[PDB]
Amino acid sequence: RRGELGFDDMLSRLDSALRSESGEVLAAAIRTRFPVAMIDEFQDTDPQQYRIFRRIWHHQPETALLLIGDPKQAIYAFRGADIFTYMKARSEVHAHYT
Amino acid sequence: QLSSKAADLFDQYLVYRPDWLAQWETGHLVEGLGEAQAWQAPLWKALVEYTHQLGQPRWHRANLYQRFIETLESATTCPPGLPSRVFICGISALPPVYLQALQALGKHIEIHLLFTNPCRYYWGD
Amino acid sequence: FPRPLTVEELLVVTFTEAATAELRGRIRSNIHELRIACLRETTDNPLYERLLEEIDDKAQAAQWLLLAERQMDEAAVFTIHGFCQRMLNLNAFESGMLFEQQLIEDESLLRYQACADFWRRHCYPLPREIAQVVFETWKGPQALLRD
Amino acid sequence: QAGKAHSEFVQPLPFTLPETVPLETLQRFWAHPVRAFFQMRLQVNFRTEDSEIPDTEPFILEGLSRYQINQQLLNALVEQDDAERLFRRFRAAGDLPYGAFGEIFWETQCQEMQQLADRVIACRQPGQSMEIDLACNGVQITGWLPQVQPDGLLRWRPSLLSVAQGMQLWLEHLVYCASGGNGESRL
Amino acid sequence: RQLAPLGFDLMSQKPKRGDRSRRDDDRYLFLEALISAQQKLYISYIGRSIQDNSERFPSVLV
Amino acid sequence: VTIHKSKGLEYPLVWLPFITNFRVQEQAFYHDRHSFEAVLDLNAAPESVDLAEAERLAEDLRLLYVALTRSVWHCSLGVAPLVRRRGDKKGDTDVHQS
Amino acid sequence: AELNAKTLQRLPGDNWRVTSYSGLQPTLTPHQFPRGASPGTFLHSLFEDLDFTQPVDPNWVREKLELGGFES
Amino acid sequence: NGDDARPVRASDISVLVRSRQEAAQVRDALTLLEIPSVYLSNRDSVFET
DNA sequence: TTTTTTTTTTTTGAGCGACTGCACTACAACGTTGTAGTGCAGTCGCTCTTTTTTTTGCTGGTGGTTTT
């Protein structure tokens, strides 16, 4: 009603935009904008953020996803981060580098 | 908000892109542009038809600019009310879209454009 | 990669804004150092030595690094919420967002107002036998909001 | 760094004790000695700004409003007055929560104040205020003591066990036993 | 200053010579301020933070 | 400097006086070990309490790793037989709970 | 270590300012006109905007009084 | 470091705590022995002093 | 339509869990009594984190501060 927005409201609105039918084509527009992604600090990853990144860069060709992080540094569980999202991301991907 | 953003884009096209709106008034598209063109050119044509249907005048920035170029290029006799010499001090004292009108005005009015370039040789493209 | 990319096509995502500024400065310094090492065909770093040994051409790589140094001001190194807000403001038609919105830093006041509205619309018309249990669970809406 | 540092605030000041010192000045001194040194000797009273108006109705009772409700309930139950009339009086002013929660708060506060009044009026006798005129160390103390019963001194306050109330009761017991008044003092 | 494009404007997709851009205007304003200095140029910037004494980087032009 | 504010920094000598102090979580908010989704158990079931205490202990181990991996030259630790239980001498201590 | 602050020998600037002249200093009749700075500037704008060759039109004076906000 | 030597200043030693109360305990136990200490994680406002 | 006064603060932790003392019956040692186990109540320690994420048109274009 007031037309305002929050910090988590950006993540929720982008997840609701990608949750729709046409918004997947919007993700293709993101594949027209940035055909690469290097994501630092993946231990502090919300499940909405990982759902967005999985909807954009799962298995489409010519785009690369590089999740750089550390599971031993996920200490922001009070803030909203979750190490089980990192374990789901580790179970989904196949390559691992240290 | 959509009408305000489209009016902002139409004002920016009236300032900077007169040929695009002149082609959109006829009903023809421009080859080589982005995806956001199939909803702007019929909207611009409907805007022109709506302001022609209403009592508002037809004239805007771009067509009056073209009419000014046409009435300064074809006229042999200089119209009255014009000054003798016009000084333009600086680069931002004229945006780089009225240079055709400046070339039309230079046929009848002596125009001294004081240009401030950092280099003395040619360094452009 | 199948094709080289520009500075406006490489997306780097880091949560902390000072971390993004430090990473942008470090990437700019690495671009300048690799441009110097490619113009000189020598370096004092072994990883930079292998980077110089991997390329066959030196002039085109130095020109690309000079263009990267010039376009580093328009680099796509954003935060999480910054990239999400840029994607919402860029493609506003597919997302269904407004064009100008006001951002509030603290949402605790609106959350307390909504919790007070919930407590007014729920706990007020209850009788004594239910309000006794509601009072035994929480003293007021502040304890529920703290929970 | 060639300047003098902040010297200590406590300094030996000249002071002459007057002839007539009231009992209220002694009570304000022994309630808080540093505050009485600030606001009476050099007349410096630090005025803090009042609290802002809250944006919602009080759902719970805490602090000064709860203390005033407990004080009025204890003053009403010490005379065996109707607590339901005071409940309607506090509900008509909006100080109580709306609906059944205000009734629950009034029930538990009435239970606590009735448990306190069963000890208060267990040994309560009707007493009146008496005058106090004393001469100690050539200093005159004039004042009044409220509700002086023949059993002694009886005071009741809805607060916790603190040393300031004990100091106040000890000062009242000293100013009561000095001119007659054989008996205990209870709080 | 860098200003994000609206997202559906055709001028951002295809630029020309006489197009307004805040980035190139500021980068030419810095060059004009460098040229316009006759005797003394005094460039000052926040290089260190006052909160946590963190290192602050200057602009790309400086 | 706190452990969350020491992530990514560098210190020559680090002292950890209260690294043995631990906190027992009472609320039952855990994650499933198969679906990797957040499950909030409003009832006082001991299985959800144990599954939340396991994630709490993993977060404490991650905090211990972050606090240990910031020293360069020397780190000092404070170890003590801390007992969270109210019993004085019960024959067992709670250092395994830390 | 010893330290002293430097004393300014000459003034940084002289008395330089861009100034003006003010910096160096029956029932309806013009005698019954309200005297003030704002009616003076209104009459100055009326004498500035009106053309001297063209005849004065009463509806133009009514429009100028409606724009200024005076009595009709 | 190799042959290079450096004396240990007061900025090298850092105490890693978890909460604010034990940080105040460390600061009160360190200011008793005439050693000043700063709290880099202090997020308290200046308007509350 | 006019106008009067006035300087005194207060209050605020409670649930969880152990220590200790007295009562109370069950049962074996020497009908009665001492020891052991449990219930209930008064009294007392203790203890309650960590934090940061931003788009806003420099003069966007009939524009523009100041003197009589």
# chains A, B, ... in the order shown; residues from 1 in each chain; ligands from 1
>>> interface_residues(of="chain A", to="chain I", cutoff="10 Å", atoms="only C-alpha atoms (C1' of nucleotides)", output="short mmCIF file (atom, residue, chain, number, x, y, z; two decimals) with N, CA and C atoms, in the first residue's frame")
data_model
loop_
_atom_site.label_atom_id
_atom_site.label_comp_id
_atom_site.auth_asym_id
_atom_site.auth_seq_id
_atom_site.Cartn_x
_atom_site.Cartn_y
_atom_site.Cartn_z
N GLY A 6 11.95 -3.61 1.14
CA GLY A 6 12.97 -3.98 2.09
C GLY A 6 14.13 -4.71 1.43
N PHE A 7 15.08 -5.12 2.27
CA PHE A 7 16.24 -5.84 1.76
C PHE A 7 15.89 -7.27 1.39
N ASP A 8 15.12 -7.96 2.23
CA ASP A 8 14.64 -9.30 1.89
C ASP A 8 13.51 -9.25 0.87
N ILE A 75 28.99 -19.11 9.79
CA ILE A 75 28.72 -18.72 11.17
C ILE A 75 27.58 -17.71 11.26
N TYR A 76 26.88 -17.45 10.16
CA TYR A 76 25.81 -16.46 10.11
C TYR A 76 24.43 -17.12 10.09
N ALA A 77 24.28 -18.22 10.84
CA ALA A 77 23.01 -18.93 10.89
C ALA A 77 21.94 -18.15 11.64
N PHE A 78 22.33 -17.23 12.53
CA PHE A 78 21.35 -16.38 13.19
C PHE A 78 20.80 -15.33 12.23
N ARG A 79 21.58 -14.93 11.23
CA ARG A 79 21.16 -13.88 10.31
C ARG A 79 20.18 -14.38 9.26
#
>>> interface_residues(of="chain F", to="chain C", cutoff="12 Å", atoms="only C-alpha atoms", output="list in words")
residues 5, 7, 8, 9, 26, 27, 28 and 42 of chain F
>>> residues_around(residues="residue A:91", least_positions_apart="6", cutoff="12 Å", atoms="only C-alpha atoms (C1' of nucleotides)", output="NGL selection string")
(:A and (84-85)) or (:F and (34-36))
>>> write_last_selection(atoms="C-alpha atoms", output="compact mmCIF listing (two decimals), in the first residue's frame")
# COMPACT_ATOMS: atom_id res chain seq x y z
CA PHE A 84 22.07 -27.21 4.58
CA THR A 85 21.58 -25.08 1.46
CA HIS F 34 17.18 -35.61 3.41
CA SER F 35 15.07 -32.78 1.96
CA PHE F 36 17.40 -30.07 3.42
>>> interface_residues(of="chain C", to="chain E", cutoff="7 Å", atoms="only C-alpha atoms", output="short mmCIF file (atom, residue, chain, number, x, y, z; two decimals) with N, CA and C atoms, in the first residue's frame")
data_model
loop_
_atom_site.label_atom_id
_atom_site.label_comp_id
_atom_site.auth_asym_id
_atom_site.auth_seq_id
_atom_site.Cartn_x
_atom_site.Cartn_y
_atom_site.Cartn_z
N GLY C 25 38.97 -3.15 -6.14
CA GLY C 25 40.31 -2.58 -6.13
C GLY C 25 41.40 -3.60 -6.42
N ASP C 73 35.42 1.10 -14.31
CA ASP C 73 34.43 1.93 -13.63
C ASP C 73 33.01 1.41 -13.85
N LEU C 90 15.75 -3.30 -14.06
CA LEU C 90 16.07 -3.40 -15.48
C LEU C 90 14.91 -4.01 -16.25
N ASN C 91 14.55 -5.25 -15.93
CA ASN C 91 13.42 -5.92 -16.56
C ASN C 91 12.19 -5.81 -15.66
#
>>> residues_around(residues="residue H:27", least_positions_apart="3", cutoff="9 Å", atoms="only C-alpha atoms (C1' of nucleotides)", output="PDB file with N, CA, C and O atoms, in the first residue's frame")
ATOM      1  N   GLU H  22      31.174 -10.348  27.862  1.00  0.00           N
ATOM      2  CA  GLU H  22      32.525 -10.839  28.109  1.00  0.00           C
ATOM      3  C   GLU H  22      33.574  -9.926  27.483  1.00  0.00           C
ATOM      4  O   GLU H  22      34.709  -9.866  27.969  1.00  0.00           O
ATOM      5  N   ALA H  23      33.205  -9.184  26.433  1.00  0.00           N
ATOM      6  CA  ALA H  23      34.093  -8.154  25.902  1.00  0.00           C
ATOM      7  C   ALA H  23      34.277  -7.020  26.902  1.00  0.00           C
ATOM      8  O   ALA H  23      35.391  -6.513  27.079  1.00  0.00           O
ATOM      9  N   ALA H  24      33.193  -6.624  27.578  1.00  0.00           N
ATOM     10  CA  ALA H  24      33.299  -5.638  28.647  1.00  0.00           C
ATOM     11  C   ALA H  24      34.073  -6.184  29.839  1.00  0.00           C
ATOM     12  O   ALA H  24      34.775  -5.427  30.516  1.00  0.00           O
ATOM     13  N   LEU H  30      41.429  -5.502  31.619  1.00  0.00           N
ATOM     14  CA  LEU H  30      42.624  -4.971  30.982  1.00  0.00           C
ATOM     15  C   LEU H  30      42.884  -3.510  31.318  1.00  0.00           C
ATOM     16  O   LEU H  30      44.045  -3.088  31.327  1.00  0.00           O
ATOM     17  N   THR H  31      41.840  -2.727  31.604  1.00  0.00           N
ATOM     18  CA  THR H  31      42.042  -1.347  32.026  1.00  0.00           C
ATOM     19  C   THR H  31      42.443  -1.231  33.490  1.00  0.00           C
ATOM     20  O   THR H  31      42.824  -0.139  33.926  1.00  0.00           O
ATOM     21  N   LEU H  32      42.368  -2.323  34.256  1.00  0.00           N
ATOM     22  CA  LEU H  32      42.824  -2.302  35.640  1.00  0.00           C
ATOM     23  C   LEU H  32      44.343  -2.358  35.728  1.00  0.00           C
ATOM     24  O   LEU H  32      44.924  -1.850  36.694  1.00  0.00           O
ATOM     25  N   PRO H  36      45.267   0.356  27.876  1.00  0.00           N
ATOM     26  CA  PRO H  36      44.080   0.753  27.116  1.00  0.00           C
ATOM     27  C   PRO H  36      43.772  -0.232  26.000  1.00  0.00           C
ATOM     28  O   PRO H  36      44.664  -0.828  25.392  1.00  0.00           O
ATOM     29  N   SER H  37      42.478  -0.399  25.737  1.00  0.00           N
ATOM     30  CA  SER H  37      42.008  -1.343  24.735  1.00  0.00           C
ATOM     31  C   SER H  37      40.809  -0.761  24.004  1.00  0.00           C
ATOM     32  O   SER H  37      39.985  -0.063  24.600  1.00  0.00           O
ATOM     33  N   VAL H  38      40.721  -1.054  22.709  1.00  0.00           N
ATOM     34  CA  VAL H  38      39.614  -0.610  21.874  1.00  0.00           C
ATOM     35  C   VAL H  38      38.761  -1.825  21.524  1.00  0.00           C
ATOM     36  O   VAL H  38      39.226  -2.972  21.558  1.00  0.00           O
ATOM     37  N   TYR H  39      37.487  -1.570  21.236  1.00  0.00           N
ATOM     38  CA  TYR H  39      36.516  -2.603  20.874  1.00  0.00           C
ATOM     39  C   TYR H  39      36.076  -2.324  19.440  1.00  0.00           C
ATOM     40  O   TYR H  39      35.284  -1.409  19.193  1.00  0.00           O
TER      41      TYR H  39
END
>>> atom_distance(atom1="atom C1' of residue I:17", atom2="atom CA of residue C:141")
28.8 Å
>>> residues_around(residues="stretch 18-30 of chain A", least_positions_apart="5", cutoff="7 Å", atoms="only C-alpha atoms (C1' of nucleotides)", output="PyMOL selection string")
(chain A and resi 56) or (chain C and resi 94-95)
>>> residues_around(residues="residue B:95", least_positions_apart="6", cutoff="12 Å", atoms="only C-alpha atoms (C1' of nucleotides)", output="list in words")
residues 15, 16, 88, 101 and 102 of chain B; 17, 18, 19 and 20 of chain E; 59 and 61 of chain I
>>> write_last_selection(atoms="N, CA and C atoms (P, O5', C5', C4', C3', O3' and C1' of nucleotides)", output="tab-separated table (two decimals), in the first residue's frame")
chain	number	residue	atom	x	y	z
B	15	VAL	N	14.14	14.87	-28.25
B	15	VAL	CA	15.36	15.66	-28.19
B	15	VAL	C	16.45	15.06	-29.07
B	16	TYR	N	16.68	13.75	-28.97
B	16	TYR	CA	17.87	13.15	-29.55
B	16	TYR	C	17.65	12.40	-30.86
B	88	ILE	N	29.44	31.54	-29.28
B	88	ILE	CA	29.14	30.32	-28.53
B	88	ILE	C	30.40	29.96	-27.76
B	101	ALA	N	21.01	22.86	-37.29
B	101	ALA	CA	20.41	24.18	-37.19
B	101	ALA	C	21.47	25.28	-37.12
B	102	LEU	N	22.63	24.97	-36.53
B	102	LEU	CA	23.72	25.95	-36.50
B	102	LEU	C	24.32	26.14	-37.89
E	17	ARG	N	26.85	9.35	-31.42
E	17	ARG	CA	27.85	10.33	-31.01
E	17	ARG	C	27.26	11.32	-30.01
E	18	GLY	N	26.16	11.98	-30.38
E	18	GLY	CA	25.55	12.97	-29.51
E	18	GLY	C	24.52	12.39	-28.57
E	19	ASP	N	24.95	11.53	-27.65
E	19	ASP	CA	24.08	10.91	-26.67
E	19	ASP	C	24.55	11.28	-25.27
E	20	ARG	N	23.59	11.62	-24.40
E	20	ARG	CA	23.92	12.01	-23.04
E	20	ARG	C	24.26	10.78	-22.20
I	59	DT	P	20.41	19.49	-11.77
I	59	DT	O5'	20.77	19.95	-13.25
I	59	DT	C5'	19.77	20.49	-14.13
I	59	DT	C4'	20.42	20.92	-15.42
I	59	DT	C3'	21.25	19.83	-16.09
I	59	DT	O3'	20.51	19.25	-17.17
I	59	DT	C1'	22.41	21.96	-16.05
I	61	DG	P	15.08	20.21	-17.49
I	61	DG	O5'	15.62	21.22	-18.60
I	61	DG	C5'	14.89	21.40	-19.81
I	61	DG	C4'	15.84	21.64	-20.98
I	61	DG	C3'	15.17	21.65	-22.35
I	61	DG	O3'	14.76	22.98	-22.67
I	61	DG	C1'	17.24	20.41	-22.37
